[PDB]
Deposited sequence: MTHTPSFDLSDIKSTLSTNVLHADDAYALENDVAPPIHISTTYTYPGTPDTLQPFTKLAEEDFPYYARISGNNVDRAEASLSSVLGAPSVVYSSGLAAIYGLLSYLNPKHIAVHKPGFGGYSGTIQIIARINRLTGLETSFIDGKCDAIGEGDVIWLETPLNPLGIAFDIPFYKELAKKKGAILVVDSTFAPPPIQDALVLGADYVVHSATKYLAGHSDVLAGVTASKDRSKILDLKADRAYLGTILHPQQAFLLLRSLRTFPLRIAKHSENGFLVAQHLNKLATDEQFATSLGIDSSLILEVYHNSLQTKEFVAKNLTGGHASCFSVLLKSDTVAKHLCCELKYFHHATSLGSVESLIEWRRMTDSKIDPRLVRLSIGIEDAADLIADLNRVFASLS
């Protein structure tokens, strides 16, 4: 009955151990045992007395996260910690991922290599078929895709996974609910880097996995106790603080992402519009964004908004470098999902990638200011 704005604020009320309005930071590693000599009662998976196994700050953060995700959730010290935990738990023989040249988070490929070192896990590529995938194998669908910001059809891959007896994991980092609900669309598990949108202020590393199957999430929590990857109390406090404003922030990100992507696409494709702004439309070759895909499934996947991190292919590496250095409201930096807008020249970190490609992460500024900034730089290059 209550909606997201209310639930992020009150989902943890039942988990409060004290009268503090803001959650306390239960920073202690260890907690004294209750009980007297007579009542002292010998009894570790829900052991609440050691913070590397379980803790109140994590409990409250997971309550709020589960309200966002609509399912039992397990929170980790980073997105890659969540991914490593999930893939080591599932222990598939085969995994299908997006081909690395096309896109997909490089850290996921590095985790697959580290698991392959141990298990021989074999990689194939997502191709609409996934012939190599069988029973207990994993389809790892990252959508929207890092760095392009375009979407894939989750229900389609759920039907493939179902036919094959395989497991569909969606890395939904670029579109958390309410923009996309990967679990409702059929994903067996969903993973997010909460470092990005959910925390949102570039000051928390965190990962989260969710599933409608609570017993699997409990297994993951048990494993987390020994992989050593629980989110610590101080970070769980800041993550929970962020979640309080997540419904407001994510709505603004989505609106801004649509507006900025659409403006850039209009510049690239409408020579009269560009000229009206003092801009040579040839500076932008292509804009990638979910709103520019012509496929009907995209609006059935991203039911509640738009990606705010997406890429642009520019005319040259010169244009890309000027754009990354000269914007007033976009800092040249990696990561995404921050309150402030960011831009990244993808070639910085990757020698194989086309030096014309830049990735934008739209923050919660006034879109008219972001568009005026972009216009100023593009005009200076015309």
Problem set entry | Stretches with no C-alpha position, numbering per deposited sequence from 1 | 1 to 12, 56 to 59
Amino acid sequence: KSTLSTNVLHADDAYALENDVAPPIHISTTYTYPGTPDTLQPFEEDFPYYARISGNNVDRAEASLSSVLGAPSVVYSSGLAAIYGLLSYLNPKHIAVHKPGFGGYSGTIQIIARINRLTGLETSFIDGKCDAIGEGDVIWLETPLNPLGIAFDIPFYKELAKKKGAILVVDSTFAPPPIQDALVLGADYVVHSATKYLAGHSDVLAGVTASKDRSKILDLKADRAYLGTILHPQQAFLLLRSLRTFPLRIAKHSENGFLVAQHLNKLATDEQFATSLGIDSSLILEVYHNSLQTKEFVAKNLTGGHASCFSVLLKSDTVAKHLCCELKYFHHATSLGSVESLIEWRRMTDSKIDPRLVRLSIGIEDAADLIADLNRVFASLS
From here on, numbers count along this sequence of modelled residues.
Seminar exercise, completed: Of 218 to 226 and 94 to 102, the stretch with the higher mean C-alpha B-factor in the deposited entry is 94 to 102
For this session: Return whichever of 109 to 117 and 156 to 164 has the greater mean Cα B factor according to the PDB record.
Result: 156 to 164
Exercise. Looking at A194, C309, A81, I284, which has the highest CA B-factor as recorded?
Worked result: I284
Seminar exercise, completed: Residue set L87, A274, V190, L231, per-entry CA B-factor max assigned to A274
Exercise. In terms of the CA temperature factor given in the entry, to which third of its chain does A16 belong: lowest, middle or highest?
Worked result: middle
For this session: Ordered by C-alpha B-factor within the chain, which third holds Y329? Give me lowest, middle or highest, please.
Result: middle
Seminar exercise, completed: Chain-relative C-alpha B factor for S28 (record values, thirds): the lowest
Exercise. In terms of the CA temperature factor given in the entry, to which third of its chain does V260 belong: lowest, middle or highest?
Worked result: middle
For this session: Divide the modelled residues of the chain into thirds by Cα B-factor and specify which third, lowest, middle or highest, holds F125.
Result: highest
